[PDB]
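Have a look at upload-v1.cif; it's mmCIF, C-alpha atoms:
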```cif
data_model
loop_
_atom_site.label_atom_id
_atom_site.label_comp_id
_atom_site.auth_asym_id
_atom_site.auth_seq_id
_atom_site.Cartn_x
_atom_site.Cartn_y
_atom_site.Cartn_z
CA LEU Y 1 35.05 22.03 23.10
CA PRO Y 2 36.43 18.47 23.04
CA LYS Y 3 38.33 17.29 19.92
CA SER Y 4 35.94 14.28 19.77
CA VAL Y 5 32.64 13.17 21.37
CA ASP Y 6 30.84 9.84 21.32
CA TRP Y 7 27.71 9.61 23.44
CA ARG Y 8 27.39 5.88 22.66
CA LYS Y 9 30.37 5.36 24.94
CA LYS Y 10 28.58 7.08 27.84
CA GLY Y 11 25.31 5.10 27.67
CA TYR Y 12 23.02 7.67 26.08
CA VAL Y 13 22.24 5.70 22.93
CA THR Y 14 20.02 2.70 22.26
CA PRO Y 15 21.01 -0.05 19.76
CA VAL Y 16 20.24 0.76 16.12
CA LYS Y 17 16.66 0.39 15.05
CA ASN Y 18 15.06 -0.24 11.66
CA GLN Y 19 12.27 1.82 10.25
CA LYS Y 20 11.65 -0.75 7.55
CA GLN Y 21 9.13 0.22 4.85
CA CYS Y 22 7.71 3.26 6.50
CA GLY Y 23 8.86 6.83 6.16
CA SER Y 24 9.28 7.32 9.79
CA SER Y 25 12.88 8.46 10.11
CA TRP Y 26 11.61 11.60 11.78
CA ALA Y 27 10.20 9.48 14.59
CA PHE Y 28 13.42 7.56 15.07
CA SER Y 29 15.44 10.74 15.13
CA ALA Y 30 13.04 12.18 17.72
CA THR Y 31 13.03 9.11 20.01
CA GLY Y 32 16.82 8.99 19.74
CA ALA Y 33 17.16 12.55 21.00
CA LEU Y 34 14.60 11.95 23.77
CA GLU Y 35 16.35 8.74 24.76
CA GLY Y 36 19.60 10.61 25.26
CA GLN Y 37 17.94 13.45 27.19
CA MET Y 38 15.96 11.11 29.50
CA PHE Y 39 19.20 9.23 30.12
CA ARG Y 40 21.01 12.48 31.06
CA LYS Y 41 18.09 13.34 33.38
CA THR Y 42 17.61 9.99 35.10
CA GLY Y 43 20.49 7.66 34.44
CA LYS Y 44 18.16 5.08 32.82
CA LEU Y 45 18.27 4.23 29.11
CA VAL Y 46 14.80 3.23 27.91
CA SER Y 47 13.88 2.55 24.28
CA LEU Y 48 10.99 4.90 23.24
CA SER Y 49 8.04 4.34 21.01
CA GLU Y 50 8.33 5.48 17.43
CA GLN Y 51 4.95 3.84 16.83
CA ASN Y 52 3.47 6.11 19.46
CA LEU Y 53 4.62 8.98 17.32
CA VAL Y 54 3.53 7.54 14.07
CA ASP Y 55 0.02 6.80 15.16
CA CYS Y 56 -0.61 9.79 17.32
CA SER Y 57 0.99 12.87 16.04
CA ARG Y 58 -1.18 13.74 13.10
CA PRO Y 59 -2.66 16.76 14.84
CA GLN Y 60 0.82 18.28 15.23
CA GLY Y 61 1.39 17.94 11.49
CA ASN Y 62 3.14 14.60 11.10
CA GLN Y 63 1.93 12.06 8.60
CA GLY Y 64 3.05 8.79 10.00
CA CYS Y 65 4.59 6.53 7.44
CA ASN Y 66 4.25 9.28 4.89
CA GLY Y 67 6.67 11.58 6.67
CA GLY Y 68 7.04 14.17 9.39
CA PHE Y 69 9.44 16.28 11.44
CA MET Y 70 11.28 15.91 14.73
CA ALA Y 71 10.11 19.30 15.97
CA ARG Y 72 6.49 18.27 15.42
CA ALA Y 73 7.17 15.08 17.33
CA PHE Y 74 8.64 17.00 20.28
CA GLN Y 75 5.58 19.30 20.10
CA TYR Y 76 3.33 16.26 20.32
CA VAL Y 77 5.19 14.93 23.37
CA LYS Y 78 4.77 18.27 25.04
CA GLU Y 79 1.12 18.64 24.14
CA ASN Y 80 0.38 15.05 25.01
CA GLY Y 81 2.11 15.04 28.32
CA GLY Y 82 4.17 11.95 27.63
CA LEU Y 83 5.39 9.19 25.30
CA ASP Y 84 5.31 5.44 25.74
CA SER Y 85 8.16 2.99 25.85
CA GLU Y 86 8.86 0.78 22.80
CA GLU Y 87 8.17 -2.29 24.95
CA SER Y 88 4.69 -1.08 25.77
CA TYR Y 89 3.89 0.37 22.30
CA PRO Y 90 5.88 -1.71 19.76
CA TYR Y 91 6.95 -0.65 16.30
CA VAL Y 92 5.13 -2.28 13.43
CA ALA Y 93 6.01 0.00 10.56
CA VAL Y 94 2.57 0.85 9.35
CA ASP Y 95 0.09 3.50 10.34
CA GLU Y 96 -2.25 2.22 13.04
CA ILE Y 97 -4.76 3.52 15.54
CA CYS Y 98 -3.39 5.72 18.27
CA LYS Y 99 -3.08 3.76 21.40
CA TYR Y 100 -1.24 6.11 23.72
CA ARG Y 101 -1.42 5.03 27.30
CA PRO Y 102 -0.37 7.54 29.95
CA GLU Y 103 0.32 4.86 32.51
CA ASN Y 104 3.04 3.61 30.17
CA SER Y 105 4.73 6.92 29.61
CA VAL Y 106 8.48 6.94 30.28
CA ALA Y 107 9.37 10.36 28.79
CA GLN Y 108 8.24 13.98 28.71
CA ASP Y 109 9.39 17.28 27.19
CA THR Y 110 8.39 20.92 27.63
CA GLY Y 111 9.13 21.74 24.05
CA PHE Y 112 12.45 21.91 22.23
CA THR Y 113 15.52 23.97 21.41
CA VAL Y 114 16.57 24.78 17.86
CA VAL Y 115 20.28 24.92 17.00
CA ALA Y 116 21.16 28.06 15.00
CA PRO Y 117 20.54 27.13 11.43
CA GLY Y 118 23.31 26.27 9.11
CA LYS Y 119 25.91 26.65 11.80
CA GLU Y 120 28.17 23.62 12.10
CA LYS Y 121 29.99 25.36 14.92
CA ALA Y 122 26.69 25.76 16.78
CA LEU Y 123 25.89 22.11 16.14
CA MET Y 124 29.29 21.04 17.53
CA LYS Y 125 28.59 23.03 20.71
CA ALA Y 126 25.17 21.43 21.11
CA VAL Y 127 26.56 17.93 20.56
CA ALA Y 128 29.38 18.48 23.10
CA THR Y 129 27.18 20.03 25.75
CA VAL Y 130 23.71 18.53 25.49
CA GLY Y 131 23.90 15.00 24.14
CA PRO Y 132 22.68 13.42 20.86
CA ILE Y 133 20.98 15.92 18.54
CA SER Y 134 18.21 15.42 16.04
CA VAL Y 135 19.09 16.59 12.55
CA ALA Y 136 17.67 16.52 9.05
CA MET Y 137 19.87 15.68 6.06
CA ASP Y 138 19.79 15.02 2.35
CA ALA Y 139 20.00 11.16 2.22
CA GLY Y 140 18.63 10.99 -1.30
CA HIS Y 141 21.59 9.52 -3.13
CA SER Y 142 22.69 6.02 -4.06
CA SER Y 143 26.04 6.61 -2.42
CA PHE Y 144 24.20 7.00 0.90
CA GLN Y 145 22.03 3.97 0.41
CA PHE Y 146 25.12 1.92 -0.35
CA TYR Y 147 27.42 3.47 2.23
CA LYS Y 148 29.68 0.99 4.01
CA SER Y 149 32.59 2.80 5.74
CA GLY Y 150 34.84 5.87 6.00
CA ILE Y 151 33.93 9.54 5.81
CA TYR Y 152 30.90 10.01 3.67
CA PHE Y 153 31.13 12.91 1.20
CA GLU Y 154 28.76 13.22 -1.75
CA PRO Y 155 29.26 16.07 -4.16
CA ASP Y 156 25.64 16.22 -5.12
CA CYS Y 157 24.48 16.59 -1.52
CA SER Y 158 22.27 19.52 -0.68
CA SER Y 159 22.39 21.67 2.45
CA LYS Y 160 18.93 22.98 1.79
CA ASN Y 161 16.74 20.27 0.45
CA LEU Y 162 16.42 17.69 3.23
CA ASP Y 163 14.49 14.43 3.32
CA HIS Y 164 15.57 12.23 6.20
CA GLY Y 165 15.90 12.57 9.96
CA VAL Y 166 18.96 11.10 11.75
CA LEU Y 167 20.74 11.55 15.05
CA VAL Y 168 24.18 13.06 15.66
CA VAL Y 169 25.71 11.12 18.56
CA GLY Y 170 29.16 12.67 18.37
CA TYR Y 171 31.99 13.90 16.17
CA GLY Y 172 35.62 13.15 15.64
CA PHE Y 173 38.50 12.94 13.21
CA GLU Y 174 40.70 10.44 11.46
CA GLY Y 175 44.48 10.39 12.07
CA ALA Y 176 46.49 12.46 14.60
CA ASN Y 177 45.45 15.94 13.46
CA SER Y 178 42.22 16.95 15.15
CA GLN Y 179 41.57 19.62 12.53
CA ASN Y 180 41.38 17.53 9.36
CA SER Y 181 39.40 14.51 8.12
CA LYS Y 182 36.71 15.63 10.54
CA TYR Y 183 33.30 13.93 10.75
CA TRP Y 184 29.92 13.83 12.47
CA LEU Y 185 29.04 10.40 14.03
CA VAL Y 186 25.46 9.75 12.86
CA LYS Y 187 23.04 7.04 13.92
CA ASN Y 188 20.65 5.99 11.11
CA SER Y 189 17.38 3.97 11.37
CA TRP Y 190 18.00 1.46 8.54
CA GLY Y 191 19.12 -1.32 10.87
CA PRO Y 192 22.52 -2.47 12.17
CA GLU Y 193 23.22 -4.04 8.83
CA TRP Y 194 23.33 -0.77 6.94
CA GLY Y 195 26.52 1.18 6.84
CA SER Y 196 28.96 0.80 9.65
CA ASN Y 197 26.99 -1.13 12.23
CA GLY Y 198 24.17 1.21 11.42
CA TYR Y 199 26.11 4.45 11.68
CA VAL Y 200 27.73 6.77 9.19
CA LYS Y 201 30.55 9.29 9.53
CA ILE Y 202 29.46 12.39 7.62
CA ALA Y 203 32.08 14.97 6.61
CA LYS Y 204 32.28 17.79 9.19
CA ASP Y 205 33.13 21.41 8.64
CA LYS Y 206 32.96 20.98 4.93
CA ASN Y 207 30.31 23.56 4.21
CA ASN Y 208 27.53 21.91 6.24
CA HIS Y 209 27.56 18.81 4.13
CA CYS Y 210 24.19 17.25 3.39
CA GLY Y 211 22.67 19.93 5.60
CA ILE Y 212 23.37 18.39 8.91
CA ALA Y 213 23.29 21.69 10.66
CA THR Y 214 20.41 23.18 8.80
CA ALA Y 215 17.56 22.02 10.97
CA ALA Y 216 18.86 20.57 14.17
CA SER Y 217 17.05 20.41 17.48
CA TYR Y 218 16.78 18.68 20.82
CA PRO Y 219 13.93 18.17 23.31
CA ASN Y 220 13.88 20.07 26.63
CA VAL Y 221 13.28 17.50 29.41
#
```

Since I need it in another form, could you write the structure as C-alpha cells?
Amino acid sequence: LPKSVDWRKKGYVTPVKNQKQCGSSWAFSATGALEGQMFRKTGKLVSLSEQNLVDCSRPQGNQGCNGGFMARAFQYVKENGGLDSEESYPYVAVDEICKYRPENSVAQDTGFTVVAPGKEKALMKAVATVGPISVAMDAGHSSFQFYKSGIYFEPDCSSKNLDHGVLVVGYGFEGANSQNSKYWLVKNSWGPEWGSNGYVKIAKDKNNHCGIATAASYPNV
C-alpha cells in the first residue's frame, strides 16, 4: 500500500459542509462516500443531498436530525433507486417533508461493502484502493470539539461506543519515518472553521483510536 493517501488531491472530495444544529453527521458521512464513488465512476464531482437523506430515510431506520447510520443511508439509496444533488434538494438542517425527485437524481448504489471490523489494516487497504470511506467514531469529548491542529489523540476515546459519522479521505505520517506519527485524514461536517480547515488528523495504528475502524463502509456504485 502507499505510505500516504489523500483523495482530496485527486478530486474525489467536496468542500467541507456544516451540519449545523441537526444530528445528521451520518448523512454527511454517507454523501461524502457516495461523492467519492460517483467521482471514481464518472469523473464528475457533484455535491449530494444530505437533506434528501434526512427527510426520506426513516423507513430504513434513520431518524433525521435525531440520528442515523451510513449503512442505512446506503440502503435507502439502493431501495430508492437514487439520491438528489444538493443543488436540487438543499440542506436546511431540520427535518422536513420528503421531496425526493427522481429526475434530479445524480447518484445510485446497489448496496454497500463493510470493512472488516476493528481492523485498521483493513481500513488502510480500503482507503488506498477504493476512495474515501465512511466511518463512525467516538467524537464525544471536549478535546474533539476544540481540536485545532496536529495528531488528535484522546485517552478517554472509545473504540466501541461511537456517536458520530465522518469520512476518511486518506492517511499519512509526520516527519521522514513513514512508520511513526501516523494518522488518518478525516473530513468532519462542522464547517471549514472547525479544526484544520474542517479536517482532523486522527492517530493511526494506535489501537483503533476512537473506533475509526470499527464500523466502516462504502457504497457500491

Rows by chain and residue number, region 109-132 of chain Y within 10 Å of region 31-40 of chain Y, shortest pair, all atoms listed in the file, as JSON lines:
```
{"residue": "Y:109", "atom": "CA", "partner": "Y:34", "partner_atom": "CA", "distance": 8.2}
{"residue": "Y:130", "atom": "CA", "partner": "Y:37", "partner_atom": "CA", "distance": 7.9}
{"residue": "Y:131", "atom": "CA", "partner": "Y:36", "partner_atom": "CA", "distance": 6.2}
{"residue": "Y:132", "atom": "CA", "partner": "Y:33", "partner_atom": "CA", "distance": 5.6}
```

**OP:** Any chance you could resolve the PyMOL selection byres ((chain Y and resi 91) around 9) against this file and give the residues as a ChimeraX atom specification?
**Re:** /Y:19,49-52,86-87,89-90,92-94

Original post:
Any idea what the distance is between CA of residue 100 (chain Y) and CA of residue 69 (chain Y)?
Top reply: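 Those two atoms sit 19.2 Å apart.
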
Original post:
Mind listing as number ranges by chain all residues within 12 Å of (32.0, 9.8, 0.8), counting only C-alpha atoms?
Top reply: Y: 141-157, 181, 183, 195, 200-204, 206, 209-210

Original post:
Taking only C-alpha atoms into account, which of Y:170, Y:191, Y:68, Y:59 comes nearest residue 21 (chain Y)?
Top reply: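 Going through Y:170, Y:191, Y:68, Y:59 one by one, the smallest distance to residue 21 (chain Y) is for Y:191.
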
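Relative to CA of residue 213 (chain Y), CA of residue 121 (chain Y) is found at 8.7 Å.
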
Original post:
Nearest to residue 23 (chain Y) among Y:177, Y:189, Y:197, Y:4, with distances taken over only C-alpha atoms: which residue is it?
Top reply: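 Of all the options, Y:189 lies closest to residue 23 (chain Y).
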
For the file shown, report as a PDB file with C-alpha atoms, in the coordinates of the input the outcome of the PyMOL selection byres ((chain Y and resi 60) around 8) at residue level.
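Output file out.pdb follows:
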```pdb
ATOM      1  CA  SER Y  57       0.990  12.870  16.040  1.00  0.00           C
ATOM      2  CA  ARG Y  58      -1.180  13.740  13.100  1.00  0.00           C
ATOM      3  CA  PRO Y  59      -2.660  16.760  14.840  1.00  0.00           C
ATOM      4  CA  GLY Y  61       1.390  17.940  11.490  1.00  0.00           C
ATOM      5  CA  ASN Y  62       3.140  14.600  11.100  1.00  0.00           C
ATOM      6  CA  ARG Y  72       6.490  18.270  15.420  1.00  0.00           C
ATOM      7  CA  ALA Y  73       7.170  15.080  17.330  1.00  0.00           C
ATOM      8  CA  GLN Y  75       5.580  19.300  20.100  1.00  0.00           C
ATOM      9  CA  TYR Y  76       3.330  16.260  20.320  1.00  0.00           C
TER      10      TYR Y  76
END
```

**OP:** Quote the spacing between CA of residue 105 (chain Y) and CA of residue 186 (chain Y) in Å to one decimal place.
**Re:**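 It comes out at 26.8 Å.
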
Would you mind putting N, CA, C and O atoms back on region 124-139 of chain Y and writing the result as a tab-separated table (two decimals), in the frame of the given file?
```tsv
chain	number	residue	atom	x	y	z
Y	124	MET	N	28.24	21.70	16.75
Y	124	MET	CA	29.29	21.04	17.53
Y	124	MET	C	29.13	21.40	19.02
Y	124	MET	O	29.29	20.54	19.89
Y	125	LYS	N	28.75	22.66	19.32
Y	125	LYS	CA	28.59	23.03	20.71
Y	125	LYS	C	27.43	22.28	21.33
Y	125	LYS	O	27.53	21.84	22.48
Y	126	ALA	N	26.32	22.14	20.56
Y	126	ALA	CA	25.17	21.43	21.11
Y	126	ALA	C	25.51	19.97	21.37
Y	126	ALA	O	25.18	19.45	22.44
Y	127	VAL	N	26.20	19.34	20.40
Y	127	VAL	CA	26.56	17.93	20.56
Y	127	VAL	C	27.46	17.75	21.79
Y	127	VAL	O	27.22	16.86	22.60
Y	128	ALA	N	28.48	18.61	21.94
Y	128	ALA	CA	29.38	18.48	23.10
Y	128	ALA	C	28.76	18.75	24.45
Y	128	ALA	O	29.14	18.15	25.45
Y	129	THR	N	27.82	19.68	24.49
Y	129	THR	CA	27.18	20.03	25.75
Y	129	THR	C	25.84	19.49	26.18
Y	129	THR	O	25.55	19.50	27.37
Y	130	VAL	N	25.03	19.06	25.22
Y	130	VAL	CA	23.71	18.53	25.49
Y	130	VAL	C	23.56	17.03	25.43
Y	130	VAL	O	23.03	16.43	26.36
Y	131	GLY	N	24.01	16.44	24.33
Y	131	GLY	CA	23.90	15.00	24.14
Y	131	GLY	C	23.55	14.80	22.68
Y	131	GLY	O	23.75	15.73	21.89
Y	132	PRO	N	23.02	13.63	22.29
Y	132	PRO	CA	22.68	13.42	20.86
Y	132	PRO	C	21.67	14.46	20.39
Y	132	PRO	O	20.74	14.81	21.13
Y	133	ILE	N	21.85	14.91	19.14
Y	133	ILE	CA	20.98	15.92	18.54
Y	133	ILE	C	20.25	15.47	17.31
Y	133	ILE	O	20.82	14.80	16.46
Y	134	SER	N	18.98	15.81	17.22
Y	134	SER	CA	18.21	15.42	16.04
Y	134	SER	C	18.56	16.35	14.89
Y	134	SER	O	18.58	17.56	15.08
Y	135	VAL	N	18.76	15.78	13.70
Y	135	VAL	CA	19.09	16.59	12.55
Y	135	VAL	C	18.45	16.04	11.31
Y	135	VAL	O	18.08	14.86	11.25
Y	136	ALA	N	18.26	16.91	10.32
Y	136	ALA	CA	17.67	16.52	9.05
Y	136	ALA	C	18.84	16.54	8.05
Y	136	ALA	O	19.78	17.32	8.21
Y	137	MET	N	18.79	15.69	7.03
Y	137	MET	CA	19.87	15.68	6.06
Y	137	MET	C	19.34	15.25	4.73
Y	137	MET	O	18.20	14.79	4.62
Y	138	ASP	N	20.17	15.41	3.70
Y	138	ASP	CA	19.79	15.02	2.35
Y	138	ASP	C	20.41	13.61	2.20
Y	138	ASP	O	21.62	13.49	2.03
Y	139	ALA	N	19.57	12.56	2.33
Y	139	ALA	CA	20.00	11.16	2.22
Y	139	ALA	C	19.58	10.57	0.88
Y	139	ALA	O	19.71	9.36	0.65
```
